[PDB]
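Enquirer: This is target.cif, which holds mmCIF, C-alpha atoms and all ligand atoms:
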```
data_start
#
loop_
_atom_site.label_atom_id
_atom_site.label_comp_id
_atom_site.auth_asym_id
_atom_site.auth_seq_id
_atom_site.Cartn_x
_atom_site.Cartn_y
_atom_site.Cartn_z
CA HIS A 4 -16.17 -9.11 -9.29
CA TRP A 5 -12.75 -9.94 -7.83
CA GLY A 6 -12.43 -9.59 -4.13
CA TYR A 7 -11.10 -11.24 -0.97
CA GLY A 8 -13.67 -13.91 -0.23
CA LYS A 9 -13.48 -17.72 -0.59
CA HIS A 10 -15.17 -17.48 -3.96
CA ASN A 11 -13.50 -14.44 -5.54
CA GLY A 12 -10.27 -14.12 -3.60
CA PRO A 13 -6.58 -14.30 -4.36
CA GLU A 14 -6.67 -18.01 -5.30
CA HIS A 15 -9.15 -17.24 -8.11
CA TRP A 16 -7.52 -14.12 -9.56
CA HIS A 17 -5.30 -15.95 -12.04
CA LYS A 18 -8.32 -17.02 -14.15
CA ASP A 19 -9.08 -13.42 -15.10
CA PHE A 20 -5.57 -12.03 -14.60
CA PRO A 21 -3.09 -14.72 -15.61
CA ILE A 22 -0.12 -12.46 -14.63
CA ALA A 23 -1.15 -13.54 -11.12
CA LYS A 24 1.28 -16.46 -11.63
CA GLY A 25 4.03 -14.17 -13.19
CA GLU A 26 7.66 -13.68 -12.51
CA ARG A 27 7.53 -10.52 -10.39
CA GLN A 28 4.37 -10.70 -8.28
CA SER A 29 3.81 -8.98 -4.96
CA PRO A 30 3.70 -9.10 -2.04
CA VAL A 31 6.59 -11.31 -0.91
CA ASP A 32 8.06 -12.48 2.33
CA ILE A 33 11.14 -10.45 3.18
CA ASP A 34 13.73 -12.81 4.57
CA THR A 35 15.89 -10.47 6.56
CA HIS A 36 18.85 -12.87 6.56
CA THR A 37 18.86 -13.23 2.75
CA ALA A 38 18.34 -9.55 1.89
CA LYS A 39 21.60 -7.87 1.16
CA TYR A 40 22.69 -4.41 2.15
CA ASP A 41 23.34 -2.47 -1.08
CA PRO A 42 25.77 0.40 -0.49
CA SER A 43 24.91 1.80 -3.88
CA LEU A 44 21.28 2.70 -2.97
CA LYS A 45 21.12 6.54 -2.86
CA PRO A 46 19.33 8.10 0.05
CA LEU A 47 15.43 8.02 0.02
CA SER A 48 13.71 11.41 -0.41
CA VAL A 49 10.13 11.74 0.75
CA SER A 50 8.95 15.29 -0.14
CA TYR A 51 5.36 15.62 1.06
CA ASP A 52 5.39 19.28 2.28
CA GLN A 53 3.20 20.51 -0.60
CA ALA A 54 0.88 17.46 -0.65
CA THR A 55 -2.74 18.35 -1.55
CA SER A 56 -5.21 15.71 -0.32
CA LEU A 57 -8.67 15.79 -1.87
CA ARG A 58 -11.05 13.03 -0.99
CA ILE A 59 -11.42 9.68 0.78
CA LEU A 60 -13.28 6.93 -1.06
CA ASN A 61 -14.55 3.41 -0.15
CA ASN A 62 -14.01 1.52 -3.42
CA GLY A 63 -15.38 -1.82 -2.13
CA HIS A 64 -11.82 -3.21 -1.54
CA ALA A 65 -10.23 -0.64 0.74
CA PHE A 66 -10.48 3.09 1.37
CA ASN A 67 -8.37 5.39 -0.72
CA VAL A 68 -7.14 8.89 0.21
CA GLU A 69 -6.59 10.70 -3.13
CA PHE A 70 -4.18 13.56 -3.86
CA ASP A 71 -3.80 16.16 -6.54
CA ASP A 72 -1.13 14.74 -8.79
CA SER A 73 -1.53 17.36 -11.64
CA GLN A 74 1.89 18.83 -10.54
CA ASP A 75 4.98 17.75 -8.52
CA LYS A 76 3.44 18.52 -5.07
CA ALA A 77 4.18 15.37 -3.11
CA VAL A 78 6.98 13.25 -4.59
CA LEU A 79 9.22 10.30 -3.83
CA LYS A 80 12.78 10.27 -5.24
CA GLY A 81 16.12 8.69 -4.45
CA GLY A 82 16.69 5.26 -3.00
CA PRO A 83 16.41 2.75 -5.89
CA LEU A 84 14.46 5.20 -8.02
CA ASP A 85 15.50 7.12 -11.11
CA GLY A 86 13.66 10.32 -11.53
CA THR A 87 10.53 11.65 -9.89
CA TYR A 88 7.47 9.78 -8.63
CA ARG A 89 4.25 11.66 -7.85
CA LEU A 90 1.97 10.69 -4.95
CA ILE A 91 -1.49 9.83 -6.28
CA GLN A 92 -3.13 8.09 -3.32
CA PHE A 93 -2.73 5.97 -0.24
CA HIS A 94 -4.67 3.09 1.20
CA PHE A 95 -4.27 0.21 3.66
CA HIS A 96 -4.70 -3.55 3.82
CA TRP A 97 -5.76 -5.02 7.18
CA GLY A 98 -6.97 -8.04 9.00
CA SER A 99 -9.88 -9.39 10.95
CA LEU A 100 -7.51 -9.93 13.95
CA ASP A 101 -4.29 -8.20 15.01
CA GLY A 102 -2.19 -11.21 13.94
CA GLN A 103 -2.79 -10.75 10.22
CA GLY A 104 -3.43 -8.06 7.68
CA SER A 105 -0.15 -7.06 6.09
CA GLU A 106 0.66 -8.11 2.54
CA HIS A 107 4.47 -8.17 2.90
CA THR A 108 5.72 -10.33 5.70
CA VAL A 109 9.08 -10.13 7.56
CA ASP A 110 10.61 -13.53 8.26
CA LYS A 111 7.01 -14.83 7.84
CA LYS A 112 5.76 -12.33 10.45
CA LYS A 113 2.38 -10.76 9.53
CA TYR A 114 1.59 -7.32 10.82
CA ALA A 115 -1.95 -6.05 11.63
CA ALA A 116 -2.00 -3.85 8.61
CA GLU A 117 0.05 -2.30 5.82
CA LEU A 118 -0.08 1.22 4.43
CA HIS A 119 0.69 1.80 0.74
CA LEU A 120 1.57 5.25 -0.53
CA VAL A 121 1.26 4.93 -4.38
CA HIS A 122 3.41 7.10 -6.70
CA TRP A 123 3.86 7.15 -10.48
CA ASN A 124 6.88 7.95 -12.62
CA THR A 125 6.34 11.45 -14.12
CA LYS A 127 8.35 10.50 -17.23
CA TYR A 128 5.28 8.55 -18.33
CA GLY A 129 2.95 11.55 -18.13
CA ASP A 130 -0.07 9.90 -16.44
CA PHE A 131 -0.87 6.99 -14.14
CA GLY A 132 -2.52 4.89 -16.76
CA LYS A 133 0.63 5.02 -18.95
CA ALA A 134 2.89 4.43 -15.98
CA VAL A 135 1.27 1.10 -15.02
CA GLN A 136 2.19 -0.28 -18.50
CA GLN A 137 5.93 0.19 -17.66
CA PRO A 138 8.25 -1.95 -15.52
CA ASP A 139 9.39 1.18 -13.66
CA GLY A 140 6.10 2.98 -13.76
CA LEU A 141 5.15 2.97 -10.02
CA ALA A 142 6.88 3.23 -6.69
CA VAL A 143 4.86 2.05 -3.67
CA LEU A 144 6.08 2.94 -0.22
CA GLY A 145 4.92 0.32 2.21
CA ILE A 146 4.67 0.82 5.95
CA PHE A 147 3.71 -1.85 8.45
CA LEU A 148 1.26 -1.20 11.26
CA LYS A 149 1.54 -2.92 14.64
CA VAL A 150 -1.01 -2.54 17.40
CA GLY A 151 0.27 -0.56 20.36
CA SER A 152 0.11 3.12 21.08
CA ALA A 153 -2.15 5.36 18.99
CA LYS A 154 -0.84 7.08 15.87
CA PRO A 155 -2.04 10.67 16.17
CA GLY A 156 -1.52 11.40 12.51
CA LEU A 157 -3.96 8.55 11.63
CA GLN A 158 -6.83 9.73 13.74
CA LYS A 159 -8.24 12.15 11.12
CA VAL A 160 -8.52 9.14 8.81
CA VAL A 161 -10.14 6.89 11.45
CA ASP A 162 -12.65 9.64 12.42
CA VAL A 163 -14.00 10.03 8.86
CA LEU A 164 -14.59 6.29 8.18
CA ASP A 165 -18.08 6.21 9.52
CA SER A 166 -18.99 8.65 6.63
CA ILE A 167 -17.79 6.20 3.96
CA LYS A 168 -18.99 2.91 5.38
CA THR A 169 -20.12 1.33 2.19
CA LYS A 170 -18.81 0.86 -1.38
CA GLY A 171 -19.08 3.99 -3.52
CA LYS A 172 -19.21 6.45 -0.64
CA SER A 173 -16.74 9.31 -0.59
CA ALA A 174 -16.03 12.28 1.62
CA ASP A 175 -14.04 15.51 1.38
CA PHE A 176 -10.53 14.91 2.77
CA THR A 177 -8.64 18.12 2.25
CA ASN A 178 -5.72 19.44 4.24
CA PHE A 179 -4.52 16.00 5.40
CA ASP A 180 -0.72 15.69 5.93
CA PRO A 181 0.54 12.23 5.03
CA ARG A 182 3.82 12.90 6.86
CA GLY A 183 2.00 11.98 10.03
CA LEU A 184 1.80 8.40 8.86
CA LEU A 185 5.55 7.75 8.63
CA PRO A 186 7.83 6.15 11.16
CA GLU A 187 11.00 7.92 12.36
CA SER A 188 13.43 5.88 10.23
CA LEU A 189 13.38 5.58 6.46
CA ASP A 190 15.50 2.40 6.47
CA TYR A 191 13.97 0.11 3.83
CA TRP A 192 13.94 -2.99 1.74
CA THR A 193 13.41 -2.80 -2.02
CA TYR A 194 12.58 -5.24 -4.78
CA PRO A 195 10.84 -5.25 -8.19
CA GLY A 196 7.22 -6.39 -8.08
CA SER A 197 3.63 -5.81 -8.94
CA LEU A 198 0.27 -4.33 -7.90
CA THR A 199 -1.21 -6.63 -5.23
CA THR A 200 -4.76 -6.37 -6.59
CA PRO A 201 -6.07 -6.98 -10.09
CA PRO A 202 -4.85 -6.12 -12.68
CA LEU A 203 -1.67 -7.32 -10.86
CA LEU A 204 0.56 -5.42 -13.31
CA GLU A 205 4.31 -5.86 -12.94
CA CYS A 206 5.07 -2.16 -12.79
CA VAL A 207 6.10 -1.47 -9.16
CA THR A 208 9.36 -0.71 -7.45
CA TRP A 209 8.55 -1.72 -3.90
CA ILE A 210 10.09 0.25 -1.06
CA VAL A 211 9.08 -1.31 2.31
CA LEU A 212 10.11 0.50 5.48
CA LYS A 213 11.77 -1.56 8.19
CA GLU A 214 10.27 0.35 11.03
CA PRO A 215 6.52 -0.24 11.59
CA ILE A 216 4.29 2.48 12.94
CA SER A 217 2.19 1.79 16.01
CA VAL A 218 -1.56 2.28 15.93
CA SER A 219 -4.07 1.64 18.68
CA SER A 220 -6.41 -1.36 18.81
CA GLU A 221 -9.23 1.25 18.74
CA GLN A 222 -7.90 2.74 15.51
CA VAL A 223 -7.61 -0.63 13.64
CA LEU A 224 -10.99 -1.73 15.07
CA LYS A 225 -12.54 1.15 13.22
CA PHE A 226 -10.98 0.01 9.91
CA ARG A 227 -12.77 -3.25 10.49
CA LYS A 228 -16.19 -1.59 10.71
CA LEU A 229 -16.10 -0.62 7.07
CA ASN A 230 -18.07 -2.61 4.53
CA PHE A 231 -17.14 -4.22 1.23
CA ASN A 232 -20.79 -4.02 0.15
CA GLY A 233 -22.79 -1.07 -1.14
CA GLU A 234 -25.50 0.67 0.86
CA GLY A 235 -28.67 -1.38 1.17
CA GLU A 236 -26.87 -4.70 0.66
CA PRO A 237 -26.21 -7.30 3.25
CA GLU A 238 -23.28 -6.39 5.43
CA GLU A 239 -19.87 -7.91 4.71
CA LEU A 240 -17.24 -6.45 6.96
CA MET A 241 -14.17 -5.05 5.15
CA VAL A 242 -11.55 -7.23 6.78
CA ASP A 243 -8.73 -9.40 5.40
CA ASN A 244 -8.28 -7.34 2.25
CA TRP A 245 -4.72 -8.55 1.80
CA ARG A 246 -3.06 -10.82 -0.78
CA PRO A 247 -0.68 -13.43 0.71
CA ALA A 248 3.01 -13.67 -0.07
CA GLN A 249 3.90 -14.80 -3.65
CA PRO A 250 6.95 -16.70 -4.95
CA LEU A 251 10.13 -14.61 -4.98
CA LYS A 252 11.36 -16.35 -8.16
CA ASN A 253 14.44 -14.76 -9.68
CA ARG A 254 14.53 -11.62 -7.52
CA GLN A 255 16.78 -10.15 -4.88
CA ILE A 256 15.53 -7.99 -2.06
CA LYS A 257 18.03 -5.24 -1.21
CA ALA A 258 18.45 -3.46 2.15
CA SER A 259 19.32 0.23 2.52
CA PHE A 260 20.81 -0.43 5.95
CA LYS A 261 23.23 -2.90 7.56
CL1 LIG A 301 1.98 15.75 10.03
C1 LIG A 301 3.71 16.02 9.95
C2 LIG A 301 4.60 15.05 10.36
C3 LIG A 301 5.96 15.29 10.28
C4 LIG A 301 6.47 16.48 9.80
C5 LIG A 301 5.59 17.45 9.39
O1 LIG A 301 6.02 18.68 8.87
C6 LIG A 301 7.44 18.83 8.88
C7 LIG A 301 7.76 20.15 8.30
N1 LIG A 301 7.87 20.41 6.97
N2 LIG A 301 8.13 21.74 6.90
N3 LIG A 301 8.17 22.24 8.16
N4 LIG A 301 7.94 21.24 9.05
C8 LIG A 301 4.23 17.21 9.47
CL1 LIG A 302 -3.89 3.81 -7.45
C1 LIG A 302 -3.88 2.08 -7.23
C2 LIG A 302 -3.88 1.32 -8.37
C3 LIG A 302 -3.89 -0.06 -8.33
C4 LIG A 302 -3.92 -0.68 -7.11
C5 LIG A 302 -3.95 0.09 -5.96
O1 LIG A 302 -4.02 -0.47 -4.69
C6 LIG A 302 -3.80 -1.93 -4.39
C7 LIG A 302 -2.32 -2.22 -4.42
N1 LIG A 302 -1.54 -2.53 -5.47
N2 LIG A 302 -0.31 -2.64 -4.96
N3 LIG A 302 -0.32 -2.37 -3.63
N4 LIG A 302 -1.60 -2.13 -3.31
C8 LIG A 302 -3.96 1.48 -6.02
ZN ZN A 303 -2.02 -1.78 -1.46
#
```
Would you encode the structure as structure tokens?
Expert:
Amino acid sequence: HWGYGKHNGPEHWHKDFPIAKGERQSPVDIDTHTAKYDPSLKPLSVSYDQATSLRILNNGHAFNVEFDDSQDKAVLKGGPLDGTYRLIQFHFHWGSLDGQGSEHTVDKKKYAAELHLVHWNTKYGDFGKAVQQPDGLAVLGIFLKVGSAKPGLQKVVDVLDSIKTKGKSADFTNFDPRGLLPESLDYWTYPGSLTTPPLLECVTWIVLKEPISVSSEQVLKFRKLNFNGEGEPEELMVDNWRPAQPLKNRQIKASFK
């Protein structure tokens, strides 16, 4: 029964998931004047040409777009990563108002939303094994600012009224996640965790510097989803983000100068 409310939100998670107060929790604030350019980072390789999307699901916390990860069809390699990471799903975190919603912040700036493309290290064979390893996942994070519409998001926005409530799903084939990326792949990277329970410390975070722009109409539609199931009282799916956690003994590295 974790969630994002006053009574079951981020401040309560540690009682069921004590790793909530661990040494490598996410998200963090990215202090752009303390991050250091690392000339050793190899270039980032986002290979989504063969991506096979399947389904979109409201899981009561966000909506997830799921991919076929039974072969190397959509992979992330390079940058800080060793080996090959398979795209399994993406989802977003967003706010009730345009001034909040992202999980990562940039010099304490909150964006309206944040997209997470989740990938797992194929040397571990399956997702459930990968999340038990310190290098099991790579999450590519992309900020959303409100401005011009993002055409490659509109197929997502248009389907949300079919999955309004928890447990609803819809076919979501033939969706190209390349349409969600910004132009630049400049990024920050640091070792961290899942940002929801179980909060496992298994993620290499790769957060793109360049946000994408979405329209106020597009993000407004995110906010019409529901955390509740059908035939329950309505609780709008807004503010499904965890705030910044202590950086502790970690360094955030920049791919760019
Ligand atoms: Cl939605 C989208 C966005 C950006 C690039 C895309 O395809 C690029 C490509 N890959 N192979 N030929 N063109 C597709
Ligand atoms: Cl497949 C998956 C597994 C666990 C958590 C997920 O989404 C929330 C999250 N964790 N880190 N960034 N977002 C997604
Ligand atoms: Zn996420």
Enquirer: List the neighbours of residue A:220 out to 10 Å using only C-alpha atoms; skip same-chain residues closer than 6 positions along the sequence, and give me the result as a ChimeraX atom specification.
Expert: /A:100-101,115,149-153
Enquirer: Give me, please, the distance in Å between atom CA of residue A:237 and atom CA of residue A:168, quoted to one decimal.
Expert: 12.7 Å
Enquirer: My list of candidates is A:138, A:202, A:83, A:25. Which is closest to residue A:41 when distances are computed with all atoms listed in the file?
Expert: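 The closest residue to residue A:41 is A:83.
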Enquirer: With ligand LIG 301 (chain A) as the partner and 10 Å as the cut-off, tabulate the residues of chain A that qualify, each row holding the nearest pair of atoms and their distance in Å to one decimal, using all atoms listed in the file, sorted by chain and rising number, as a tab-separated table.
Expert:
```
residue	atom	partner	partner_atom	distance
A:50	CA	A:LIG301	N1	8.8
A:51	CA	A:LIG301	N1	8.0
A:52	CA	A:LIG301	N1	5.4
A:53	CA	A:LIG301	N1	8.9
A:155	CA	A:LIG301	CL1	8.9
A:156	CA	A:LIG301	CL1	6.1
A:157	CA	A:LIG301	CL1	9.5
A:179	CA	A:LIG301	CL1	8.0
A:180	CA	A:LIG301	CL1	4.9
A:181	CA	A:LIG301	CL1	6.3
A:182	CA	A:LIG301	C2	4.2
A:183	CA	A:LIG301	CL1	3.8
A:184	CA	A:LIG301	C2	7.4
A:185	CA	A:LIG301	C2	7.6
A:186	CA	A:LIG301	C3	9.4
A:187	CA	A:LIG301	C3	9.2
```
Enquirer: Given only C-alpha atoms and all ligand atoms, how would the per-residue table for chain A near ligand LIG 302 (chain A) read, listing every residue at most 7 Å away with its closest atom pair and distance in Å to one decimal, sorted by chain and number, as a Markdown table?
Expert:
```
| residue | atom | partner | partner_atom | distance |
| --- | --- | --- | --- | --- |
| A:91 | CA | A:LIG302 | CL1 | 6.6 |
| A:92 | CA | A:LIG302 | CL1 | 6.0 |
| A:94 | CA | A:LIG302 | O1 | 6.9 |
| A:119 | CA | A:LIG302 | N4 | 6.1 |
| A:121 | CA | A:LIG302 | CL1 | 6.1 |
| A:143 | CA | A:LIG302 | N3 | 6.8 |
| A:197 | CA | A:LIG302 | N2 | 6.4 |
| A:198 | CA | A:LIG302 | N2 | 3.4 |
| A:199 | CA | A:LIG302 | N2 | 4.1 |
| A:200 | CA | A:LIG302 | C6 | 5.0 |
```
Enquirer: Restricting the calculation to all atoms listed in the file: of A:84, A:98, A:158, A:111, which residue gets closest to residue A:139?
Expert: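 Closest residue, counting all atoms listed in the file: A:84.
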Enquirer: Taking all atoms listed in the file into account, report as a VMD selection string which residues have an atom no farther than 10 Å from an atom of ligand ZN 303 (chain A).
Expert: chain A and resid 29 to 30 64 to 65 67 93 to 97 105 to 106 117 to 121 143 to 145 198 to 200 244 to 246
Enquirer: Which one of A:167, A:38, A:258, A:79 sits closest to residue A:141 if you count all atoms listed in the file?
Expert: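 Among the listed residues, A:79 lies closest to residue A:141.
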Enquirer: From the options A:211, A:109, A:189, A:204, which residue's atoms come nearest to residue A:34, counting all atoms listed in the file?
Expert: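 Checking each candidate against residue A:34, we get A:109 as the closest.
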Enquirer: Tell me which residues come within 12 Å of (22.0, 7.3, -4.9), as a PyMOL selection string, counting only C-alpha atoms in the file's coordinates.
Expert: chain A and resi 41-48+80-86+259
Enquirer: Determine the nearest neighbour of residue A:229 from the options A:66, A:128, A:5, A:176, counting all atoms listed in the file.
Expert: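 Of A:66, A:128, A:5, A:176, the one nearest residue A:229, counting all atoms listed in the file, is A:66.
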Enquirer: Using all atoms listed in the file, what residues lie at most 8 Å away from (2.0, 6.7, -12.5) (file coordinates), given as a list in words?
Expert: residues 88, 89, 91, 122, 123, 124, 125, 128, 129, 130, 131, 132, 133, 134, 135, 140 and 141 of chain A
Enquirer: Based on the selection just made, write C-alpha atoms of those residues as a compact mmCIF listing (two decimals), keeping the file's coordinate frame.
Expert:
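Final output, saved to part.txt:
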```
# COMPACT_ATOMS: atom_id res chain seq x y z
CA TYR A 88 7.47 9.78 -8.63
CA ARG A 89 4.25 11.66 -7.85
CA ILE A 91 -1.49 9.83 -6.28
CA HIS A 122 3.41 7.10 -6.70
CA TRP A 123 3.86 7.15 -10.48
CA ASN A 124 6.88 7.95 -12.62
CA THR A 125 6.34 11.45 -14.12
CA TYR A 128 5.28 8.55 -18.33
CA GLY A 129 2.95 11.55 -18.13
CA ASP A 130 -0.07 9.90 -16.44
CA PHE A 131 -0.87 6.99 -14.14
CA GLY A 132 -2.52 4.89 -16.76
CA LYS A 133 0.63 5.02 -18.95
CA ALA A 134 2.89 4.43 -15.98
CA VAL A 135 1.27 1.10 -15.02
CA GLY A 140 6.10 2.98 -13.76
CA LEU A 141 5.15 2.97 -10.02
```
